[PDB]
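These notes are about the structure you will find just below.
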Amino acid sequence: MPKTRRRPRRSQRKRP
RNA sequence: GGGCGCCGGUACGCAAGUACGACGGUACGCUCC
């Protein structure tokens with residue numbers, strides 16, 4: 001499995 | 001191009017990491033023309 005991330009899949013990121 | 005996974009680079013760091021909707025994708029692994 002690849003490295004563990006935090007900021008999600010772009011689609012989610014609404015309000016800056 | 002976009003999705004899902006994820007990442008760059010931004011924090012933090014000794015450098016790689018681990019954070020992180022800093023703010024930018026979709027590269028690279030699959031999927032749809």
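Labels used: A, B, ... for chains in the order of the structure tokens, numbers from 1 for residues in each chain, and numbers from 1 for ligands as shown.
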When you get a sec, could you note down which chain B residues fall within 10 Å of chain A, using only C-alpha atoms (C1' of nucleotides), as a ChimeraX atom specification?
/B:2-7,17-26,29
